[PDB]
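Participant: Keeping their order, the protein sequence lines are chains A and B. Mapped onto the UniProt record's numbering, the consecutive letters of the first sequence carry residue numbers 3639 to 4091. Mapped onto the UniProt record's numbering, the consecutive letters of the second sequence carry residue numbers 1547 to 2456. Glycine included, every Cβ here is placed at the ideal spot set by N, Cα and C.
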Amino acid sequence: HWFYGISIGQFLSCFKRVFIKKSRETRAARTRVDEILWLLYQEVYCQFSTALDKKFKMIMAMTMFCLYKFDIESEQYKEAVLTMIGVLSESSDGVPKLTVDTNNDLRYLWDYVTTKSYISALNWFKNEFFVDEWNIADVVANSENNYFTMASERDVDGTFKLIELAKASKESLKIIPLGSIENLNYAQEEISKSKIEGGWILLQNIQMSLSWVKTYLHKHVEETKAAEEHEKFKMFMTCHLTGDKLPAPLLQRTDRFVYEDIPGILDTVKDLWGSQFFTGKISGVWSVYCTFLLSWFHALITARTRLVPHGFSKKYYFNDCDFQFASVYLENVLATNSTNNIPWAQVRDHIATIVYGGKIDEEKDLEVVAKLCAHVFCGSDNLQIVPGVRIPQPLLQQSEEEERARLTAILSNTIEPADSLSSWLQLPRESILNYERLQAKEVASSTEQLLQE
Amino acid sequence: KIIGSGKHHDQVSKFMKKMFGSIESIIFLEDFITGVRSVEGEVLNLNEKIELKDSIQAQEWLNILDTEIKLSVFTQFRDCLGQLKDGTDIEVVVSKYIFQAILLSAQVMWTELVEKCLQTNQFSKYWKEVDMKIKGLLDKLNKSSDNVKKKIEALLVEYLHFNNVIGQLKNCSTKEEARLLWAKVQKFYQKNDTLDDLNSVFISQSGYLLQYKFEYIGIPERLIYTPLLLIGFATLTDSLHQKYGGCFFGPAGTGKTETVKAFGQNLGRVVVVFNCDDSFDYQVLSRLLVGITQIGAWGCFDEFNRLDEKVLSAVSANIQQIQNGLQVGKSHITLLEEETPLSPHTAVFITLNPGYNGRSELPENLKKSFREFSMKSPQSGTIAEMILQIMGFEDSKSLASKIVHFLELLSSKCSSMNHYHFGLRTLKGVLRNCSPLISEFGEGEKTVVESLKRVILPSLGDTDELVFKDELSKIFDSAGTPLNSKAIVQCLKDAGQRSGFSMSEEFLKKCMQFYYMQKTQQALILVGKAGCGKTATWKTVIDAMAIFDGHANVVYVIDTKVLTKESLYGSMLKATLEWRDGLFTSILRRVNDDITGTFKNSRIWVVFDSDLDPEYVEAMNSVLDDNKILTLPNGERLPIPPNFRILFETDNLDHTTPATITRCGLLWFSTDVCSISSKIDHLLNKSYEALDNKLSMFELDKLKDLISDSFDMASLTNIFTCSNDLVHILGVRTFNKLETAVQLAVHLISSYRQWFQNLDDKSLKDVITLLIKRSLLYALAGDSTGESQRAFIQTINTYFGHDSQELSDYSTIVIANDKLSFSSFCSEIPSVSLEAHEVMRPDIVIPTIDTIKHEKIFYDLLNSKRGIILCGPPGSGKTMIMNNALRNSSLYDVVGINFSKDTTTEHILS
Ligand SMILES: Nc1ncnc2c1ncn2[C@@H]1O[C@H](COP(=O)(O)OP(=O)(O)OP(=O)(O)O)[C@@H](O)[C@H]1O
Ligand SMILES: Nc1ncnc2c1ncn2[C@@H]1O[C@H](COP(=O)(O)OP(=O)(O)O)[C@@H](O)[C@H]1O
Ligand SMILES: [Mg+2]
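Listed below in structure tokens is the structure:
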């Protein structure tokens, strides 16, 4: 992948930190060489896994655990774990050479894998490093660089996380979105004055201005080695893993990491519902109720988008533009029509086909969106979107503020069950198990290929 | 040029098409402007004539005319609506007003009437009224002129949309469902209590309102209204309401750009279409973008996904600038390094085609300002019913359902094949071929049956024909019969028996299918393995039609793959700026330009007699389509006359695109059109007629009688079946070796005509039989190992009669001028000695039995005027045997070309 580039200098700095970091006395590995080797593995995983996404985090953890335990442990361990990864991959099958009372943790791993709990089996290797994965706080504080790239997918943006960090980190995060030539000139002035003033600056969505970055930002960051001699400022970049390929030298000069934090369905509902009234009310009570239902539907559709091909054949990124268009349509239909609910039948067919079904190009996914809309919008005085919540229709006095408070209360009362992806969404649990088995198979195949290479 | 044309004022009309997009000319008066006329041909008369003094600038009077045409269109619309409101037939008002005005008046009146009809829920009466209006328009279409016919067809399209919507509303069970359906349908309204007349009429869809700008649109190609089209309109109006642009993406040929253009026409706008990936310069596009922003027109980027990366980035930046200015509401946006006003009525649409990587999406900077939508091919049944309703078909719903069911049933039951395509395109082809058949038989079910039998049946294989017949019988209750049978069948029999061809049932069937297919189709494809009879079939049909109608025929047989694209279509000297005709365009110009020759009363045929590939046919796809024009990359755009017909003679379609197969009438030869003992007879007659010019009468009659009765198919059928048992190097089926056998036999018989007059009948019969055996052996098993040749010799001596002179491995007729007997001998084994200095010359050969036999057969094949192919391992002696056979003779001179991994065709000529 174009984002996972690694250089010799970064590796050598990470190894230097092994000695530089006089951390807590680790496990007694006899000779100092073994302890240094273990610390090297720990530091490499702790630093260089941030620049990777979840799947490659798992792949790195498993592969480096295999590399370490193919030397520390015995053959009865090596062939056991080799056949174990063969079992996890769906390409091979068999029983490992389980030596009783000799490889205990391998027996816990066997208990994990037989119970078909793939996620815990893959997190076992991460747990065996006994190291806490660096959050962005650790990366921004420890790394002695002024440039970071915050990559992710198109479904989640970590701008709020960076805002929360920098508000708690010494001053004034300053968001500078790109776009038209006005945005470009504003950004260049802002950076030229911020390298002197020292405030942390952020560059949302670098990708759309790729041609600009190839010409202005590239040579700038490559030449401004005196920025470290300027005031202590940090320049951040937000990109997309599926986006266009950033230039290699620009990416190599800056630090990189991948933001992997998918909020829960209830968390997304709460965030959207909170943000909707921040801009102020537009119409009466029914507009508020329809906006609440639209927030629930948007959260459900975005959550189901994550699963692929389960729920949806493709990862149709439903951004906020779809929500805005659906909200505008809801306001229009509730304004032209009357207070009664009669036009629900046309609220669905427009939302399920025109605003949220426009991007869809397969009939099965269109059917999925249509049935989701039918479930969410068709309701008669009591709506059960997920098996844990019931939404009563508005009152008779039509007190809008009380209705908004009641909707907030009914959001806060409920909690998300651990099996929400099977209960809150309509797809079955066996589908989720098949999805997890597929991803575990991919991880095992990739790590076996790497180990063989 | 316009600036310098400020005195004549008549040179602007050339550029009116470019600067207005819809009107092609300005109709002048002696000193006034008396109107305009569009590309389709239609006089829009301005209410207020424009005076043109000599001192006035072109800019000023063009500016006044720009508003005058829109005001005239609104005046026509208002007059037509006032006329139709005071109830009057559409037939009397079609002849008065332009298509756009009558269209908008009809749409507004339909909306007004159906609103109250939906209020009262009485749809039957208005449905019947609209049906009567449609029938009146249909019968007036037959009695329409060349200009009014397009207007009537477009009004039929819109009126059938009206009737479809009214019927769907009638079938709705509940008022809620009826209003749901009414919301999606694009309704039209006008404000009776407003000023600024040009903004009176607007359009409401899904609750969103769009103003109707009264720009003249002419009489455009109206798209058939389908429930997938109105979804496209709803998506476009949803995007336009929030000021977002409009993006379509989907498979090519789904009419994305045509859907955008139809949306523009319904709103009264002409959409400026920027065509991409046509070596389209960026500066001209930037100028067009500035014009779009300043005027307020709708700009559609056709095939936007194919552009150079730098050009794509620049144009995406410009589009983002325009869209940001529209969304914010700011005026005077900054582009082209200039601040220019931005009219708020501007809009940008994009159509993205699927690339090599599969799906194509917008650049990142545009994804935040464009609402993508996925286009699909329409449902077959809906537009099938719509087209059958376009024609005067009764029970059009039932006919369309039956046709669609039959097509799906065929696709499910018939054996899979590469050219078997029963999608929507096949349906549209069936309906288009059904259209002209209405003159012969009426608009019943049997017309559809005949069109299906004339389109689908020829393209089907042998085993699937029975499926076609029985499913046609069990789906369509009535099975028709074809007319014009006796005359053309007799003419085909005459034109075939005149050329020696055998009128078997299969050959006559294929000829009849080709004749019926060419009756309507313009581009023909004939597919079948080598030797089926494609050339024989189409030549026989050409001769039959020449004898029948009396029209002359001009045939241009061109091999496409021999000639490069520059030679076939036309080459341009980019370094000197001259365009060369090429081959196809030269013979097209000789048709259009010339009139002295018999070119109006004659049928022109261009037979591409070679394998076809997508690269060659994509340069003439416009010829294949309904445009019927050859679009050269640079030069005049040639119109093909009705007589000009393109045929494709090939043997496979493993590389031809589905579009070409669907557009072109396909005739598939699943089997040989004649049996073995009909091709043999045809070749025998073709050789007898050649010998006839250099022989006496009685001798020739006796000789041909002996040749005919000497062999019979009873004995030869076993030989032909046994020849397949032999292993053949460079294998060719015996149906193609028959030519070599017959030609060699006849030539060998003719070569000894001097020694036949004084020859006894028994010895003469033995000579003829032996020579026939020799020819049969060297044609059927002539490409065998050499021991299998002896096995075939034993087979030959077995299956023929036991009394005729047996053929041995070396039996040759040697004739001496001093004796009269045939004196057949074999195995000479000559001897020769040579000096030391002659040990290596390029012409020294030691004569052995193999060398003599090979030389004799090679020379006999050469004298038969047929090409030879010597196939053997390296060093076997093919070149040596040729050069020895031709060095002895003083009639042939050898030219040795040595082919390599790539020898271009001009190497042979050089
Ligand atoms: N009706 C017929 N009766 C007898 N012989 C026939 C008949 N039709 C065709 N033949 C024989 O079959 C031959 C087929 O020639 P033709 O050029 O039509 O073949 P084709 O299948 O189109 O192949 P090609 O690819 O070589 O052009 C004719 O030359 C003739 O010898
Ligand atoms: N009967 C023969 N007398 C003399 N030379 C022969 C005879 N048969 C085969 N050869 C040799 O076989 C070789 C075949 O050469 P050539 O004709 O160039 O091969 P090809 O026909 O495969 O191109 C000749 O060089 C010749 O010397
Ligand atoms: Mg032919």
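Excluding sequence positions up to five away, which residues of its chain have a Cβ less than 6 Å from the Cβ of A:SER3758?
Facilitator: For the purposes of this step, residue 3758 of chain A is taken as residue 120 along the first sequence, with counting starting at 1. Excluding positions up to five away in sequence, the list reads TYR3750.
Participant: What first and last residue would you give for the beta strand (DSSP E) that runs through B:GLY1713?
Facilitator: Position 167 of the second sequence, counted from the start, is the residue given in the question as residue 1713 of chain B. Unbroken run through B:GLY1713 is the alpha helix (DSSP H), 1694-1717; no beta strand (DSSP E).
Participant: Roughly how many angstroms lie between the CA atoms of residue 2472 of chain B and B:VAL2108, to the nearest whole one?
Facilitator: Nothing can be reported for residue 2472 of chain B, as the shown portion of chain B is limited to 1547 through 2456.
Participant: What do you reckon, is the C-beta of B:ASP2155 under 7 Å from a heavy atom of ligand 3?
Facilitator: Reading the second sequence from its first residue, position 609 is the one you call residue 2155 of chain B. Yes, since a heavy atom of ligand 3 falls inside the 7 Å radius drawn around the Cβ of B:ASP2155.
Participant: Which residues in chain A sit within 8 Å of B:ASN1911, going by Cβ to Cβ distance?
Facilitator: Here residue 1911 of chain B corresponds to residue number 365 of the second sequence, with the count starting at 1. Residues of chain A passing the Cβ test: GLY3817, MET3846 and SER3847.
Participant: Please look up how many angstroms separate the CB atoms of B:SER2156 and B:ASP2200, rounded, as I've assumed it's under 8 Å.
Facilitator: The residue given as residue 2156 of chain B occupies position 610 in the second sequence. The residue given as residue 2200 of chain B occupies position 654 in the second sequence. B:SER2156 to B:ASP2200, Cβ: 15 Å. No contact.
Participant: Who pairs with B:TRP2214 in a beta bridge, going by DSSP?
Facilitator: Looking up residue 2214 of chain B in the second sequence gives position 668. Looking at the DSSP assignment, B:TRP2214 forms a beta bridge with B:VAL2073.
Participant: Is there a C-beta anywhere in chain A that falls below 8 Å from the one on B:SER1920?
Facilitator: Here residue 1920 of chain B is taken as the residue at index 374 of the second sequence, counted from 1. Chain A, which has a Cβ nearer than 8 Å to the Cβ of B:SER1920, makes this yes.
Participant: Assign residue 3636 of chain A to one of two classes, buried (16 or more other C-beta atoms within 10 Å of its C-beta) or exposed (fewer than that).
Facilitator: The requested residue 3636 of chain A does not occur in the structure, where chain A is confined to residues 3639 to 4091.
Participant: Give me the subset of the region 3995-4012 of chain A whose CB atoms are less than 7 Å from a CB atom of chain B, sorted by chain position.
Facilitator: Correct list: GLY3996, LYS3997, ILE3998 and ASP3999.
Participant: Beta-carbon separation of A:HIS3856 and A:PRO3815 under 8 Å?
Facilitator: What you label residue 3856 of chain A is simply residue 218 of the first sequence in a count that begins at 1. What you label residue 3815 of chain A is simply residue 177 of the first sequence in a count that begins at 1. No, these two residues do not count as a Cβ contact at 8 Å.
Participant: Run through DSSP, which three-state label would B:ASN2189 get?
Facilitator: Walking along the second sequence from the start, residue 2189 of chain B turns up at place 643. Looking at B:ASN2189 - three-state DSSP - the assignment turns out to be coil, as it is neither helix nor strand.
Participant: Report yes or no: is there a C-beta of chain B within less than 8 Å of the C-beta of A:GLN3714?
Facilitator: For this step, residue 3714 of chain A is matched to residue 76 along the first sequence. No, no contact with chain B.
Participant: Let me make sure I understand the geometry here. Which of A:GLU4041, A:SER4084, A:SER4060 and A:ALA3718 has the alpha-carbon closest to that of A:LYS3919?
Facilitator: Position 281 of the first sequence, counted from the first residue, corresponds to residue 3919 of chain A. The shortest Cα separation from A:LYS3919 among A:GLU4041, A:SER4084, A:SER4060 and A:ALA3718 belongs to A:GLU4041.
Participant: Jot down the residue ranges of each uninterrupted alpha helix (DSSP H) in the region 3847-3934 of chain A, minimum 4 residues, whole runs only, in chain order.
Facilitator: Taking only runs of at least 4 residues, the alpha helix (DSSP H) segments lying wholly in the region 3847-3934 of chain A are 3856-3861, 3886-3891 and 3903-3914.
Participant: Cβ of B:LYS2080 versus every heavy atom of ligand 3: is any distance shorter than 7 Å?
Facilitator: Numbered from its first residue, the second sequence carries residue 2080 of chain B at position 534. At least one heavy atom of ligand 3 is nearer than 7 Å to the Cβ of B:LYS2080, so yes.
Participant: Can you have a look at A:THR3752 and say buried or exposed, based on whether 16 or more other CB atoms are within 10 angstroms of its CB?
Facilitator: Sequence index remark: in the first sequence, residue 3752 of chain A carries index 114 (1-based). When all chains shown are included, A:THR3752 counts as exposed.
Participant: Tell me the DSSP bridge mates of B:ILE2175?
Facilitator: The residue you call residue 2175 of chain B lines up with position 629 of the second sequence. In DSSP, B:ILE2175 forms a bridge with B:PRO2185.
Participant: Going by DSSP in three states, B:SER2024 sits in which element: helix, strand or coil?
Facilitator: Translated into positions along the second sequence, residue 2024 of chain B becomes position 478. In this structure, B:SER2024 counts as coil in the three-state DSSP scheme.
Participant: Can you look up B:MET2118 in the DSSP assignment and give me helix, strand or coil?
Facilitator: Against the second sequence, residue 2118 of chain B aligns to sequence position 572. Strand.
Participant: Just to make sure I have the definition right: I need the residues of chain B whose C-beta is within less than 7 Å of the C-beta of A:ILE3980. Which are they?
Facilitator: Within the first sequence, numbered from 1, the residue matching residue 3980 of chain A stands at position 342. Correct list: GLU1722.
Participant: Go ahead and label B:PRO2419 buried or exposed: buried means 16 or more other beta carbons lie within 10 angstroms of its beta carbon, across all protein chains shown.
Facilitator: As a first step, residue 2419 of chain B is located in the second sequence; it is residue number 873 there, counting from the start. It is exposed - the Cβ of B:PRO2419 has fewer than 16 other Cβ atoms within 10 Å.
Participant: Span of the beta strand (DSSP E) holding B:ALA1893?
Facilitator: Locating residue 1893 of chain B in the second sequence gives position 347, where the first residue counts as 1. Looking at the DSSP string, the run of the beta strand (DSSP E) that includes B:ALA1893 is 1893-1898.
Participant: Out of B:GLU1885, B:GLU1704, B:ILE2314 and B:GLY2079, point me to the one whose CA is closest to B:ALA1808's CA.
Facilitator: Within the second sequence, the letter at position 262 stands for residue 1808 of chain B. The residue with the shortest Cα to Cα distance from B:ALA1808 is B:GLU1704.
Participant: With a threshold of 16 other CB atoms inside 10 Å of the CB of A:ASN4072, please say whether the residue is buried or exposed.
Facilitator: Within the first sequence, residue 4072 of chain A is the residue found at index 434, counting from 1. Classification for A:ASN4072: exposed.
Participant: Rounded to a whole number of angstroms, what is the C-alpha to C-alpha distance between A:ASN3957 and A:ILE3939?
Facilitator: One-based indexing of the first sequence puts residue 3957 of chain A at position 319. One-based indexing of the first sequence puts residue 3939 of chain A at position 301. Distance between the alpha carbons of A:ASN3957 and A:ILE3939 is about 11 Å.
Participant: Given A:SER3965, which residues of its chain have a CB within under 7 Å of its CB, disregarding the five upstream and five downstream residues?
Facilitator: Here residue 3965 of chain A refers to the residue found at position 327 when the first sequence is read from its first residue. Closer than 7 Å at Cβ, skipping near neighbours: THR3929 and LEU3932.
Participant: Contact defined as beta carbons within less than 8 Å: I believe B:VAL2163 pairs with B:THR2206. What is the distance between those atoms, to the nearest angstrom?
Facilitator: Here residue 2163 of chain B corresponds to residue number 617 of the second sequence, with the count starting at 1. Here residue 2206 of chain B corresponds to residue number 660 of the second sequence, with the count starting at 1. Correct: roughly 5 Å between the Cβ atoms.
Participant: Should B:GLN2064 and B:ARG1978 be called a contact, given that it needs their Cβ atoms to be closer than 8 Å?
Facilitator: Your numbering for residue 2064 of chain B matches position 518 in the second sequence. Your numbering for residue 1978 of chain B matches position 432 in the second sequence. Cβ atoms of B:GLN2064 and B:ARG1978: not closer than 8 Å.
Participant: Assuming B:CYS1793 and B:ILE1644 form a contact by the criterion Cβ under 8 Å, report the distance between their Cβ atoms to the nearest whole angstrom.
Facilitator: Numbered from 1 along the second sequence, position 247 holds the residue referred to as residue 1793 of chain B. Numbered from 1 along the second sequence, position 98 holds the residue referred to as residue 1644 of chain B. Not really, about 32 Å apart at Cβ, beyond 8 Å.
Participant: Taking the straight line between their C-alpha atoms, what separation do you get for A:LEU4033 and A:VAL3926?
Facilitator: Residue mapping note: residue 4033 of chain A aligns to position 395 of the first sequence, counting from 1. Residue mapping note: residue 3926 of chain A aligns to position 288 of the first sequence, counting from 1. If you take the alpha carbons of A:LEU4033 and A:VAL3926, they lie about 12 Å apart.
Participant: If I follow the unbroken alpha helix (DSSP H) through A:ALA4008, where does it start and stop?
Facilitator: Counting from 1 along the first sequence, the entry for residue 4008 of chain A is found at position 370. Unbroken alpha helix (DSSP H) run through A:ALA4008: 4001-4015.
Participant: Quick one: give me the first and last residue of the beta strand (DSSP E) that A:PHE3950 is part of.
Facilitator: Residue mapping note: residue 3950 of chain A aligns to position 312 of the first sequence, counting from 1. From DSSP, A:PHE3950 is part of no beta strand (DSSP E); its letter is neither H nor E.
Participant: Would you tell me roughly how many angstroms separate the C-alpha atoms of B:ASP1827 and B:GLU1918, rounded to the nearest one?
Facilitator: As a position in the second sequence, residue 1827 of chain B is number 281, starting the count at 1. As a position in the second sequence, residue 1918 of chain B is number 372, starting the count at 1. Taking the straight line from one Cα to the other gives about 26 Å.
Participant: Determine the closest residue to B:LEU2230 out of B:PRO2160, B:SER2048, B:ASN2198 and B:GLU2333, with distance taken between C-alpha atoms.
Facilitator: Within the second sequence, numbered from 1, the residue matching residue 2230 of chain B stands at position 684. Ranking B:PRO2160, B:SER2048, B:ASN2198 and B:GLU2333 by Cα distance to B:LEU2230 puts B:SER2048 first.
Participant: Just to confirm before moving on: does the CB-CB distance between A:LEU3800 and A:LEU3840 stay below 8 Å?
Facilitator: Residue 3800 of chain A sits at position 162 when you count from the first residue of the first sequence. Residue 3840 of chain A sits at position 202 when you count from the first residue of the first sequence. A contact, by the Cβ cut-off of 8 Å.
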